[PDB]
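Structural overview
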Amino acid sequence: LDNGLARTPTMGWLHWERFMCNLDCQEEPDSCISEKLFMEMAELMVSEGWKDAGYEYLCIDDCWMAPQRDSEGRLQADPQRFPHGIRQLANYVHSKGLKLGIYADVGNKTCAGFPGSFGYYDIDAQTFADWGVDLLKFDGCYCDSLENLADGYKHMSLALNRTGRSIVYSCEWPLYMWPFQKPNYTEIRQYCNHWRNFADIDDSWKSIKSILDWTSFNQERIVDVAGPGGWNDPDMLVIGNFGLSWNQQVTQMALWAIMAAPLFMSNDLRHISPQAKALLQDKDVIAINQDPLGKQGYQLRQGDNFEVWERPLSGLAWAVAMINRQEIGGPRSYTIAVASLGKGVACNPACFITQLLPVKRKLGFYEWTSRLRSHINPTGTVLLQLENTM
Amino acid sequence: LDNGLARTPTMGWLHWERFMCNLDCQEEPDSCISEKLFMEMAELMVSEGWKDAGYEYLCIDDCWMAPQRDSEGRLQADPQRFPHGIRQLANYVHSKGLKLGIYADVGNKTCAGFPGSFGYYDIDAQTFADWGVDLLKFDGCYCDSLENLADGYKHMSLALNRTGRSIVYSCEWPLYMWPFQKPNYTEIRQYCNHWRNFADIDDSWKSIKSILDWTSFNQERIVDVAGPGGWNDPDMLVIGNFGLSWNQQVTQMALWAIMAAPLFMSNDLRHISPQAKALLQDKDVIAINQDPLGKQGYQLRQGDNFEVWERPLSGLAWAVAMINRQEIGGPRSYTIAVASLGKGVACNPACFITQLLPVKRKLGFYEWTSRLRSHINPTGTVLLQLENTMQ
Ligand SMILES: *[C@@H]1O[C@H](CO[C@@H]2O[C@@H](C)[C@@H](O)[C@@H](O)[C@@H]2O)[C@@H](O[C@@H]2O[C@H](CO)[C@@H](O[C@@H]3O[C@H](CO[C@H]4O[C@H](CO)[C@@H](O)[C@H](O)[C@@H]4O)[C@@H](O)[C@H](O[C@H]4O[C@H](CO)[C@@H](O)[C@H](O)[C@@H]4O)[C@@H]3O)[C@H](O)[C@H]2NC(C)=O)[C@H](O)[C@H]1NC(C)=O
Ligand SMILES: *[C@@H]1O[C@H](CO)[C@@H](O[C@@H]2O[C@H](CO)[C@@H](O[C@@H]3O[C@H](CO[C@H]4O[C@H](CO)[C@@H](O)[C@H](O)[C@@H]4O)[C@@H](O)[C@H](O[C@H]4O[C@H](CO)[C@@H](O)[C@H](O)[C@@H]4O)[C@@H]3O)[C@H](O)[C@H]2NC(C)=O)[C@H](O)[C@H]1NC(C)=O
Ligand SMILES: *[C@@H]1O[C@H](CO)[C@@H](O[C@@H]2O[C@H](CO)[C@@H](O[C@@H]3O[C@H](CO[C@H]4O[C@H](CO)[C@@H](O)[C@H](O)[C@@H]4O)[C@@H](O)[C@H](O[C@H]4O[C@H](CO)[C@@H](O)[C@H](O)[C@@H]4O)[C@@H]3O)[C@H](O)[C@H]2NC(C)=O)[C@H](O)[C@H]1NC(C)=O
Ligand SMILES: *[C@@H]1O[C@H](CO)[C@@H](O[C@@H]2O[C@H](CO)[C@@H](O[C@@H]3O[C@H](CO)[C@@H](O)[C@H](O)[C@@H]3O)[C@H](O)[C@H]2NC(C)=O)[C@H](O)[C@H]1NC(C)=O
Ligand SMILES: *[C@@H]1O[C@H](CO)[C@@H](O[C@@H]2O[C@H](CO)[C@@H](O[C@@H]3O[C@H](CO)[C@@H](O)[C@H](O)[C@@H]3O)[C@H](O)[C@H]2NC(C)=O)[C@H](O)[C@H]1NC(C)=O
Ligand SMILES: *[C@@H]1O[C@H](CO)[C@@H](O[C@@H]2O[C@H](CO)[C@@H](O)[C@H](O)[C@H]2NC(C)=O)[C@H](O)[C@H]1NC(C)=O
Ligand SMILES: OC[C@H]1O[C@H](O)[C@H](O)[C@@H](O)[C@H]1O
Ligand SMILES: OC[C@H]1O[C@H](O)[C@H](O)[C@@H](O)[C@H]1O
């Protein structure tokens, strides 16, 4: 969506994966979804310098709303968990320099069961627009046929621009067309800043593998329509939780960067490993994912439990991934023709490769004939960045 | 096998999972399976105090052997990767105060393709016995019918006892009885210090989950025949590698302890996290697994993505596991009736529970009535130890 927004993969935090739809603010007041929760989080992003690194969007997902519309017929946050109301929440969020995001649903209900938005789009839009929202996650649970769906996404999309408020619009449209018919991504892209493609994501290696395996096996349709204004969105970053091994975490991070994917954490920033936060904030990696160019990466090679990904950057510079899909054993070694890498370009004739992960080391120069070798840990990933001698 | 060995779950290291069958000592010398490597390892176990914690067995798995017998007919380690035959290495192993273990195969070939042992049992036995071996991993790849199999395991078993050398014999027999018939474990137990039951183990969470679930859904047959001399063996400990997250590592360790399982690491003790080594050596946890009693634990409860395991120990003390099988979200909380725990016993009248994992904390006293509540991380595990008293 060309609204001059998301001219770079959006960076922020989303409560979903880490807190799901928790409401028991009795025996569990800290995992409970409340303005108190976010308010805390907001503080932090600023504290441990998350904002400084790039994450600037704090967003609420499903289950933030009270059971039903008000006398006026607009939504309303749960009275008990959000007594002061979004608006005010937003103002704090803004006071702290951040931007707020809210969750909504095109159909008759959110995947949570709460209020939908069907035949309310316009109203709701103005609502948020007035509440002071900056970003909308438009989910699509509950709706007759794509007619109601497609139209709803499209419709709402227009409703917002109309409001005048600059709102990053994040669709989930595609994820729902499957498996009835491949979506017209060129279409969608004219309506979203970024959309979901695959199922949600567990705090697990499996869930991640499938997503890659999926985005791998589909680049034909998606990898292309990617670029400023509109991005392909895998899902939140579960790095900092528990389901992932170390080498599994670098992987997600490394690859989300390769796939110009929106960066949304879903972790408790209050209790997060230092080792984790380090990765999550690596200036050089965020830079790659935040490349101004907006050219989504893709899998180059397959075979021998090895995956080779790469994304062209700006200035003849290229980013490259090396995933060791071998669940057992130890660190294997992979070697490739420096030349037949950056589509032949990057490295002609000179190349400067600096391992940017998992240890940002300074490898030497590489000739077009030079052959590159490196070892990769099981389920891990070695991220490289190449510079051409120009 | 009542040979006065493994009167406690055997503790050691086995190169398999961490190094598999690596032979390229040209372009991959560090992973390469050679006497040089084992010598290093040996040294270390002693260094960072692994020996002190309990691990006392250093074992070689498949791919340690040269292509075929010698003139005499016995077995010979690969000439190049094992220039000093075995014996000598065993002296260095023995020197450090450790015990060595070697891999062999009942059939015509090891799962690697190397020399078998079919119609050589006796010879081989004496061989190892001579070489100064302390433990044998008898694998079972390649063989006609269980006839050849069952007999081979049984046969070899006797061959060793005969040699006179005290050799911990670790079978894989069962893993190979399926798909034919559930194993006369009472039989097997009269021939092994411990045997394999389920497929190999990847450096992955999945591989572990399946083993638990598989074992979970079989206790009827196995959990019972467990005790001194003979143990149920899951597989190596992949803690210290990369496939497991933190919460996932405590789990394996916590549960192997619950399942009086042999403790065999498969990691590079050179490049091993400090945080890892800490767990692997936790005195209180090793103690549980090393319980003198020899009563294998078992899953008590199911449901809601929660698993409750427990093993009775010695002195009216009980060990308890709490696995959060919920792959997504955050740390949930589980609460149970202190009473209906240690089969009703432990916690009558008082129960002193000290979280022994993942943070060994000192919880207070608990009465029979008492209700114990605790939160558990996703894919993680909270290990508890209850002792009986009367304050
Ligand atoms: C390891 O590999 C060994 C080699 O066997 C494989 O197959 C042969 C044909 C080659 O291709 C070889 O390269 C392969 O590796 C394997 O040894 C084999 O073991 C079986 C079981 O003992 C033998 O089969 C039997 O053969 C007899 C004939 O003579 C045997 O018995 C006499 C007296 O007991 C001995 O003096 C001989 O040395 C032989 O051992 C058959 O009588 C019998 O067959 C029955 O059914 C047939 C079918 O109609 C009837 O005709 C017979 O009368 C019987 O009723 C068995 O089939 C086989 O001879 C032997 N091979 C060799 C070369 O000796 C060994 O089993 C493998 N190890 C493991 C653990 O699997
Ligand atoms: C409702 O929908 C309409 C329809 O699109 C929107 O209209 C767009 O409004 C945005 C608002 O700025 C316009 O964006 C501007 O585009 C310029 C065109 O350059 C683009 O392409 C070049 C080359 O590819 C790039 O270098 C450049 O980055 C752009 O991608 C830009 O030059 C403008 O950038 C300027 O502003 C930014 C922000 O301060 C500065 O950082 C830059 O240095 C520069 O000064 C800007 O991005 C867009 O062109 C309009 N398109 C159309 C079709 O009208 C409305 O915005 C929307 N209404 C609401 C409320 O959302
Ligand atoms: C080949 O196979 C034989 C047959 O099993 C092995 O012999 C066994 O060796 C173990 C090793 O100790 C013996 O186990 C010990 O038994 C003691 C009791 O002995 C009585 O009961 C046994 C069992 O029926 C009878 O065989 C025997 O005649 C006795 O009546 C226990 O007291 C031991 O535990 C306690 O004592 C030991 C010994 O001092 C201490 O070390 C312990 O800490 C503990 O205090 C232990 O359980 C077993 O008894 C032997 N059985 C037989 C039939 O001989 C051979 O060792 C084996 N040979 C080779 C080369 O491997
Ligand atoms: C997916 O949706 C996009 C968005 O509409 C479709 O692309 C657009 O398709 C229309 C036709 O329906 C094109 O209109 C044509 O424009 C030319 C001049 O540009 C004119 O000469 C023709 O008479 C006609 O009006 C439109 O240009 C085109 N826009 C873009 C940016 O591609 C696309 O067709 C849809 N995909 C599929 C498979 O249907
Ligand atoms: C598994 O194998 C074991 C032995 O390897 C089998 O157990 C054996 O069972 C017989 C009974 O059928 C026992 O013999 C008994 O001997 C007494 C005298 O002491 C006699 O009075 C009885 O009539 C009987 O014959 C034998 O001791 C016992 N062996 C062992 C080691 O316990 C068992 O049958 C096999 N299990 C299955 C399911 O096949
Ligand atoms: C929400 O549910 C209502 C009621 O089930 C859907 O409305 C029906 O729409 C069909 C056309 O698809 C009409 O023939 C019916 O008369 C409608 N019934 C009512 C009570 O309005 C509505 O379409 C659903 N919304 C979505 C997005 O699927
Ligand atoms: O109901 C809440 C959930 O709804 C969908 O499943 C969505 O894909 C998830 O990310 C989350 O928003
Ligand atoms: O090749 C050696 C391997 O053979 C089998 O697969 C066995 O289960 C493994 O533990 C290992 O010993």
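Residues numbered from 1 in each chain as written, not as in the entry; some residues may be left out. Chains lettered and ligands numbered in written order. Heavy atoms only, no water.

**Some words on the overall build of chain B**
Of the regular secondary structure elements, chain B holds 11 helices and 16 strands. Here the C-alpha atoms of chain B give a radius of gyration of 21 Å, agreeing with the 21 Å that 2.2 N^0.38 yields for 391 residues. The principal-axis extents of the C-alpha atoms in chain B amount to approximately 70 × 40 × 35 Å. Across the 391 residues of chain B, 61% fall into the buried class. The long-range share in chain B, meaning contacts at least 24 apart out of those at least 6 apart in sequence, stands at 71%. Surface summary for chain B: the accessible area is close to 15400 Å², and the carbon and sulfur share equals 51%. (Helix = DSSP H or I, 4+ residues; strand = E, 2+ residues; numbered from the N terminus. Rg over C-alpha atoms; globule rule 2.2 N^0.38 Å. Buried < 20%, exposed > 50% of the residue type's maximum accessible area, 1.4 Å probe, protein only. Contact = heavy atoms within 4.5 Å. Areas by Shrake-Rupley, 256 points an atom, 1.4 Å probe, with all protein chains shown as cover.)

**Quick look at the overall build of chain A**
The secondary structure content of chain A amounts to 13 helices and 16 strands. Relative to its length of 390 residues, chain A is compact, with a C-alpha radius of gyration of 21 Å against a globular reference of 21 Å. Here the C-alpha coordinates of chain A stretch approximately 70 × 45 × 35 Å along the principal axes. Counting the 390 residues in chain A, one finds 61% classified as buried. Across chain A, every contact between residues at least 6 apart in sequence was considered, and the portion connecting residues at least 24 apart equals 71%.

**Considering the UniProt feature "active site" in chain A**
Residue and element names in this part refer to chain A. The feature "active site", as given by UniProt, occupies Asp 139 and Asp 200 in the numbering adopted here. Look at the named residues: they lie 62 residues apart in sequence, but the longest C-alpha span between them is just 11.7 Å, so in the fold they bunch up. Within the secondary structure, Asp 139 sits in strand β4 (residues 135–139). Ignoring any residue separated from it by four or fewer positions in sequence, one finds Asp 139 in contact with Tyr 103, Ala 104, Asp 105, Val 106, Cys 111, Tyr 153, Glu 172 and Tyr 176. Structurally, the position occupied by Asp 200 is in the loop between β6 (194–196) and α9 (205–216). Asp 200 has contacts with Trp 16, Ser 207 and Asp 235, leaving out every residue within four places of it along the chain. (UniProt positions renumbered as here; feature names shortened; annotations may be inferred.)

**Topic: the UniProt feature "disulfide bond" in chain A**
Residue and element names in this part refer to chain A. With its sulfur atoms 2.0 Å apart, the listed UniProt disulfide between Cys 21 and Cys 63 is closed in this model. Of the two residues, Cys 21 sits in the loop between α1 (16–19) and α2 (35–47) while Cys 63 sits in the loop between β2 (57–59) and α4 (86–95), which places them 42 residues apart along the sequence. What makes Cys 21 partly exposed here is its relative accessible area of 30%. Regarding the annotated cystine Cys 347-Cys 351, the two sulfur atoms come within 2.0 Å of each other, below 2.5 Å, so the disulfide is formed in this entry. Considered together, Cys 347 and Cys 351 belong to a single accessibility category, that of buried residues. (Disulfide = S-S within 2.5 Å.)

**Some details on the sheet that holds strand β14 (residues 361–367) of chain B**
Residues and elements named next belong to chain B. Across the sheet, which stays open at both edges, the six strands sit in the order β9-β10-β11-β16-β13-β14 with antiparallel pairing between neighbours. In this open sheet, the two edge strands, each paired with only one partner strand, are β9 (298–301) and β14. Each strand of the sheet is rotated relative to its neighbour by a mean of 30 degrees, with strand direction disregarded. Where strand β10 (residues 307–312) lies against strand β11 (residues 318–323), six bridges are found, and the strand directions are antiparallel. Directly across from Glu 310, in β11, lies its bridge partner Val 320. (Pairing = 2+ DSSP bridges. Axes fitted to C-alpha atoms, helices over the stretch in contact; angles between N-to-C directions.)

**With respect to the state of the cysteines**
If you walk through the whole model with that rule in mind, you get 10 disulfides over all chains. Paired through a disulfide, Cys21(A) and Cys63(A) show a sulfur-sulfur distance of 2.0 Å. Disulfide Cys21(A) to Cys63(A): torsion about the S-S bond roughly -95 degrees, handedness left-handed. The exposure class of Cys63(A) is buried, given its relative accessible area of 1%. With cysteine numbering restricted to those in disulfides and following the sequence, chain B has the pairing 1-4, 2-3, 5-6, 7-8, 9-10. If one numbers only the bonded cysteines of chain A, in the order they occur, the disulfide pattern is 1-4, 2-3, 5-6, 7-8, 9-10. With no disulfide partner, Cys59(A) has as its closest neighbouring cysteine sulfur the one in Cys171(A), 14 Å distant. Of all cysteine sulfurs, the one in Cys141(B) lies closest to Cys143(B), which takes part in no disulfide; the gap is 8.4 Å.

**Examining the UniProt feature "active site" in chain B**
Residue and element names in this part refer to chain B. In the UniProt entry, the feature "active site" is given for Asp 139 and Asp 200. Looking at the element boundaries, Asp 139 is found in strand β4 (residues 135–139). Exposure remark for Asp 139: the relative accessible area of 4% places this residue in the buried category. Look past the residues within four positions of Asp 139 in its chain and what remains in contact with it is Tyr 103, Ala 104, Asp 105, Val 106, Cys 111, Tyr 153, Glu 172 and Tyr 176. In this structure the side chain of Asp 139 is engaged in a polar contact, spanning 2.4 Å, whose partner is the side chain of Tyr 103. (Polar contact = N/O pair within 3.5 Å; in protein donor to acceptor, adjacent residues only side chain to side chain.)

**Describing the site of ligand 5**
All names here are of chain B. Taken together, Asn 184, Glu 187 and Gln 190 are the residues near ligand 5. Between an oxygen atom of ligand 5 and a side-chain N or O atom of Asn 184, the distance comes to 2.4 Å. Between ligand 5 and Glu 187 there is a distance of 3.5 Å, counted from an oxygen atom to a side-chain nitrogen or oxygen. (Near = heavy atom within 4 Å.)

**Things to note about a nonpolar patch on the surface**
A cluster of nonpolar residues, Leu316(A), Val345(A) and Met390(A), forms a patch on the protein surface that exposes about 360 Å² of accessible area. Checked against the element boundaries, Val345(A) lands in the loop between β12 (332–337) and β13 (350–355). (Patch = residues over 30% accessible without salt bridge, like charges linked within 9 Å, V, L, I, M, F, W, Y side chains within 5 Å. Salt bridge = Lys/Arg side-chain N within 4 Å of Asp/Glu carboxyl O.)

**A word on the site of ligand 7**
Residues and elements named next belong to chain A. Around ligand 7, the surrounding shell consists of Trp 16, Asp 61, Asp 62, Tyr 103, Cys 111, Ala 112, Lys 137, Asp 139, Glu 172, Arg 196 and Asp 200. Within the side chain of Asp 61, a nitrogen or oxygen atom sits 2.9 Å from an oxygen atom of ligand 7. Between ligand 7 and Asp 62 there is a distance of 3.3 Å, counted from an oxygen atom to a side-chain nitrogen or oxygen. Isolated, ligand 7 exposes 310 Å² of accessible area, and the fraction of that covered by the protein chains is 91%. The residue inventory of the shell around ligand 7, partitioned by class, reads four nonpolar, no polar and seven charged. (Nonpolar A, V, L, I, M, F, W, Y, C, P; charged D, E, K, R; others polar.)

**Quick look at the UniProt feature "binding site: substrate" in chain B**
Residues and elements named next belong to chain B. Look at the UniProt record and you will see "binding site: substrate" annotated at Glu 172, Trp 173, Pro 174, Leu 175 and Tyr 176. Secondary-structure assignment places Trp 173 in the loop between β5 (168–171) and α7 (185–188). The contacts of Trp 173, once residues within four sequence positions are left out, are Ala 150, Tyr 153, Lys 154, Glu 187, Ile 188 and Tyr 191. On the secondary structure map, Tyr 176 appears in the loop between β5 and α7. Residues in contact with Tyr 176, not counting those within four places in the same chain, are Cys 111, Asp 139, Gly 140, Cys 141, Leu 149 and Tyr 153.

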